[PDB]
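FYI, the numbering just counts along the sequence from 1. In listed order, ligands and their atoms are each counted from 1.
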Amino acid sequence: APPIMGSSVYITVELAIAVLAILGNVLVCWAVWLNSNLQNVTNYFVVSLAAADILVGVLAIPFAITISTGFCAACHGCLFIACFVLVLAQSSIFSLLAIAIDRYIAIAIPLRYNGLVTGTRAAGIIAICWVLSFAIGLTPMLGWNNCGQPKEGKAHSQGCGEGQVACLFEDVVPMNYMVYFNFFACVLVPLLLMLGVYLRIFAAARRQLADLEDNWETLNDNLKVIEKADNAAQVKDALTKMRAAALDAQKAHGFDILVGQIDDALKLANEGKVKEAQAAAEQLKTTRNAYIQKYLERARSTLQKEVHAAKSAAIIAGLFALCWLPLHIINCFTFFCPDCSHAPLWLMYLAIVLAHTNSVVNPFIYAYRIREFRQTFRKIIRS
Ligand SMILES: CC(C)CCC[C@@H](C)[C@H]1CC[C@H]2[C@@H]3CC=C4C[C@@H](O)CC[C@]4(C)[C@H]3CC[C@]12C
Ligand SMILES: CC(C)CCC[C@@H](C)[C@H]1CC[C@H]2[C@@H]3CC=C4C[C@@H](O)CC[C@]4(C)[C@H]3CC[C@]12C
Ligand SMILES: CC(C)CCC[C@@H](C)[C@H]1CC[C@H]2[C@@H]3CC=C4C[C@@H](O)CC[C@]4(C)[C@H]3CC[C@]12C
Ligand SMILES: CCn1c(=O)c2c(nc(/C=C/c3ccc(OC)c(OC)c3)n2C)n(CC)c1=O
Ligand SMILES: CCCCCCCC/C=C\CCCCCCCC(=O)OC[C@H](O)CO
Ligand SMILES: CCCCCCCC/C=C\CCCCCCCC(=O)O
Ligand code: NA
């Protein structure tokens, strides 16, 4: 068929994706810029990622449309057209890894997270990540390209001038770079690191929930022990275990009452006043129902929240992988199997369109899983 027809379908889909990418990610940026409840370190990496997607629509997709035509161009200019999307993809990877690490710090060490992770260092990290993304993505421009061995015939058939080439991705970008350097080292390794980080996150959260329920169970079971005890030494056993568990749970003003009441009962148990020690320990039920239950519930709620936020971040990371892996896998076949027939052109553009689609989904994930983003989107739209 006349190449323009299939091209028209590919171009039309690309432009539609560009519109949606720009609109959605501009909305994310606007939401963070207005709402102070969304202005944190985590959402600063979210904005860095949104900027990458905005640039995908404004530059990467136009570049992709351009390089699909095979227009005559200087090989190094064609190279920039081809590799700029690699810059944006690498920036996305760094932002995703930063979010994963930020969440891990938030749950692993909630105490020092406020001082360890701050917005100033975050801005510096984002800057560095963009510089390294330009370095990685544009590494072919430094010499790892196929400009030294142009396809002279394909340049003459299209009437390209002296020093020009038919600007085609696989003609100028080496495939060993895309497979070994870009995919394996710069895409797959970071993603597997993110996987390990999120496993540590969820493992931690599960362990802390188990610790909370364990401390609640021990506090009630030793209460039963104190009830049915028969001598002062046994009451002392249960209470000593209690006191340690109390100063323990305090770490991860009502507790003051608790530990104090344990001390009262423990002193009276040391005086051989068994009976009055169970009464003094039975006072603990009051402190538990009014103070230790509320703490258990509030803490469990906060950890469930951290799990939810981590799940949202992992969803976006996984969607990034889902959208980009097909193109990388096609490159692996093009590189590792020269005996295989190259992936058909329609499948190539389907994979490119999918990678680009990734720049549209993140705003939707925010709106469907994060209430603050959802409500801010609503306010912006209604106005
Ligand atoms: C800040 C933003 C808006 C600036 C964007 C500038 C972009 C579009 C510019 C910067 C460098 C430019 C390229 C430089 C050299 C060549 C080789 C030539 O044979 C064809 C055009 C081509 C491939 C240019 C296309 C346009 C280009 C990519
Ligand atoms: C999916 C995540 C976990 C890891 C990525 C796995 C990738 C690197 C794997 C999955 C399937 C693999 C391909 C399966 C089959 C072939 C055909 C063979 O003649 C050359 C190697 C090649 C082309 C493999 C290269 C590596 C490959 C693309
Ligand atoms: C869900 C994501 C992560 C994985 C998707 C895997 C996709 C990209 C895989 C599944 C089957 C694969 C195809 C299987 C066979 C061939 C024929 C060969 O001559 C060229 C490559 C080509 C056309 C492969 C391209 C990549 C392919 C389409
Ligand atoms: C690094 C991410 N990536 C890619 O990895 C990539 C790609 N285009 C191709 C390949 C395009 C292509 C391959 C064979 C063709 O003809 C046989 C062809 O003709 C238009 C285009 N590849 C491998 N693009 C879009 C510019 C891309 O972004
Ligand atoms: C901040 C927002 C600003 C918006 C910025 C707009 C986005 C860039 C658009 C297109 C770049 C790709 C188009 C490059 C086409 C080159 C065609 C050309 O030069 O053709 C000559 C021919 O090949 C003889 O050799
Ligand atoms: C945000 C949506 C994007 C809108 C911007 C317009 C898209 C531009 C894309 C491609 C322009 C084609 C450039 C001309 C290449 C030379 C063609 C040739 O000589 O064969
Ligand atoms: Na992205």
Side-chain angles (χ1 to χ4, degrees), residues 14 17-18 20-29 43-61 63-64 83-100 126 129-130 133-134 136-137 170 175-199 312-366:
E14 287 283 43
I17 292 182
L20 294 171
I22 298 169
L23 292 173
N25 289 270
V26 164
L27 180 52
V28 167
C29 292
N43 280 336
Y44 292 161
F45 292 109
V46 169
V47 169
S48 186
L49 176 62
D53 290 328
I54 292 169
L55 295 174
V56 165
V58 173
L59 284 163
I61 282 177
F63 288 176
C83 300
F84 181 78
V85 68
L86 300 175
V87 176
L88 300 180
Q90 201 59 44
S91 163
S92 302
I93 290 160
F94 287 142
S95 297
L96 293 170
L97 184 60
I99 292 167
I126 292 171
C129 292
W130 274 96
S133 296
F134 272 102
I136 290 162
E170 302 197 354
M175 210 59 59
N176 48 18
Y177 165 87
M178 287 306 311
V179 175
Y180 292 141
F181 193 94
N182 189 264
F183 177 47
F184 287 179
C186 283
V187 176
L188 194 42
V189 162
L191 286 163
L192 295 175
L193 274 158
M194 287 171 222
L195 184 63
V197 170
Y198 282 111
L199 286 184
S312 303
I315 277 143
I316 290 188
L319 279 161
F320 186 89
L322 176 66
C323 291
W324 281 93
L325 277 171
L327 189 55
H328 291 296
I329 294 165
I330 290 169
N331 291 341
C332 292
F333 275 90
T334 303
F335 178 70
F336 287 122
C337 183
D339 262 15
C340 301
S341 275
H342 193 283
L345 191 58
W346 67 265
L347 181 61
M348 294 299 328
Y349 287 166
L350 187 65
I352 295 164
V353 167
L354 176 57
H356 293 175
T357 281
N358 180 241
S359 293
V360 160
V361 307
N362 294 352
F364 281 95
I365 306 301
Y366 301 137

**Study point:** Shortest protein heavy-atom distance from atom 5 (C) of ligand 2, along with the residue and atom involved
**Key:** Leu188 CD2, 3.8 Å
Review point. What's the shortest distance from atom 9 (C) of ligand 3 to any protein heavy atom, and which residue and atom give it?
Key: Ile329 CG2, 4.6 Å
Check your understanding: Does some non-hydrogen atom of the protein lie less than 4.0 angstrom from atom 15 (C) of ligand 2?
Key -> yes
Point to revise | Contact bool for atom 22 (C) of ligand 2 (protein heavy atom, d < 4.0 Å) | key: no
Point to revise | Protein heavy atom at shortest distance from atom 7 (C) of ligand 2 | key: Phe183 CE2, 4.7 Å
Check your understanding: Heavy-atom distance from atom 11 (C) of ligand 2 to the protein below 4.0 Å?
Key -> no
Exercise for review: Run down the list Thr334, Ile330, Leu322, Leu325 and name the one with the heavy atom closest to atom 26 (C) of ligand 3.
Suggested key: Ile330
Review point. If you measure from atom 20 (C) of ligand 3 to every heavy atom of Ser341, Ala351, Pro344, which option wins on shortest distance?
Key: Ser341
Check your understanding: Looking at CD1 of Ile99 and OH of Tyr198, how far apart are the two atoms once the value is rounded to the nearest 0.5 Å?
Key -> 6.5 Å
Review point. Is there a donor-acceptor contact under 3.5 Å from the side chain of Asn362 to the main chain of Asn25?
Key: no
Practice item. Considering heavy atoms of the protein only, find what lies nearest to atom 17 (C) of ligand 2 and give residue, atom and distance to 0.1 Å. Key: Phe333 CE2, 3.7 Å
**Study point:** Shortest protein contact, atom 28 (C) of ligand 3 (heavy atom only)
**Key:** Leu347 CD2, 4.0 Å
Review point. Taking atom CZ of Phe320 and atom CG of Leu96, what is their separation to the nearest 0.5 Å?
Key: 6.0 Å
Point to revise | Name of the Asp53 atom (N/O/S only) found closest to the Na ion (ligand 7) | key: OD1
Exercise for review: Give a yes or no on whether atom 3 (C) of ligand 2 lies under 4.0 Å from any heavy atom of the protein.
Suggested key: no
Point to revise | N/O donor-acceptor pair under 3.5 Å between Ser92 side chain and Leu88 backbone | key: yes
Review point. side-chain hydrogen bond (donor to acceptor under 3.5 Å, both in side chains): which pairs involve residues 333-348, sequence neighbours left out?
Key: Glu170-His342, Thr334-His342
**Study point:** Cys29 side chain reached by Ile54 side chain, heavy atoms, under 4.5 Å
**Key:** yes
Side-chain donor-acceptor contacts of residues 175-184 below 3.5 Å, not counting sequence neighbours, with atom names and distances?
unit_1	atom_1	unit_2	atom_2	d
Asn176	OD1	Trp144	NE1	3.2
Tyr177	OH	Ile136	O	2.7
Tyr177	OH	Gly137	O	3.4

Exercise for review: Run the numbers for me: atoms of ligand 2, each under 4.0 Å from some heavy atom of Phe336, listed by number.
Suggested key: 20 (C), 21 (C)
Exercise for review: Considering only non-hydrogen protein atoms, determine which one is nearest to atom 27 (C) of ligand 2 and report residue, atom name and distance to 0.1 Å.
Suggested key: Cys332 CB, 4.8 Å
Practice item. Just need the protein heavy atom nearest to atom 18 (C) of ligand 2, so name the residue and atom and give the distance. Key: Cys337 CB, 4.5 Å
Review point. Are the side chain of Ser133 and the backbone N or O of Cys129 linked by a donor-acceptor pair below 3.5 Å?
Key: yes
Check your understanding: Would you say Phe336 has more than 12 foreign heavy atoms packed within less than 6.0 Å of its CZ?
Key -> yes
Exercise for review: Report the distance from atom SG of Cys186 to atom CG of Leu86, rounding to the nearest 0.5 Å.
Suggested key: 9.5 Å
